[PDB]
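What follows is a set of notes on a single structure, which appears directly below.
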Amino acid sequence: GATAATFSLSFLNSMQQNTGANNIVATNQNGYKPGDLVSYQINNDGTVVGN
Amino acid sequence: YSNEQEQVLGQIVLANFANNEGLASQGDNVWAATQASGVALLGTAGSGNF
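Chains as they are written, first to last, in PDB author numbering: chain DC, 253 to 303; chain DH, 304 to 353.
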């Protein structure tokens with residue numbers, strides 16, 4: 253009984269030029285799962301980042 | 304035991320304060336929680352804040 257999710261997948265920058273066999277270069281999405289706060293650190297640029 | 308049986312007597316919990324350096328040192332190598340130190344925040348030793 254959750255909510256149906258809709259997303260978009262892009263095939264941009266994909267070249268089929270007989271580069272051996274089927275291959276994958278990079279793959280990513282913007283659907284990060286929730287996580288738990290491990291640690292925090294201070295960068296040299298002045299921002300605070302939570303990991 | 305003598306019959307190839309496994310029993311658990313418990314596990315040791317971990318108390319990780321969100322804000323260290325505020326625990327008052329007492330006795331020998333023990334700390335007593337106080338104000339501006341947070342709760343113990345008990346939990347397992349698997350992952351997370353432990």
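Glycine included, every Cβ here is placed at the ideal spot set by N, Cα and C.
Is it the case that the Cβ atoms of residue i and residue j are separated by a distance below 8 angstroms?
i: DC/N275; j: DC/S291; result: no
i: DH/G313; j: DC/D288; result: no
i: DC/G283; j: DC/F259; result: yes
i: DH/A339; j: DH/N323; result: no
i: DH/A336; j: DH/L326; result: yes
I'd like to know whether the C-beta of residue i is nearer than 8 angstroms to at least one C-beta of chain DH.
i: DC/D288; result: yes
Using only CA atoms, which one of the options lies nearest to residue i?
i: DH/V342; options: DH/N306, DH/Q310 and DH/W334; result: DH/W334
i: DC/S266; options: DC/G283, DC/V277 and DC/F259; result: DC/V277
i: DH/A348; options: DH/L312, DH/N306 and DH/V316; result: DH/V316
i: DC/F263; options: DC/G287, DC/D297, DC/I294 and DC/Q281; result: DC/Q281
Quick check: is the beta carbon of residue i nearer than 8 angstroms to any beta carbon in chain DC?
i: DH/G330; result: no
i: DH/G349; result: no
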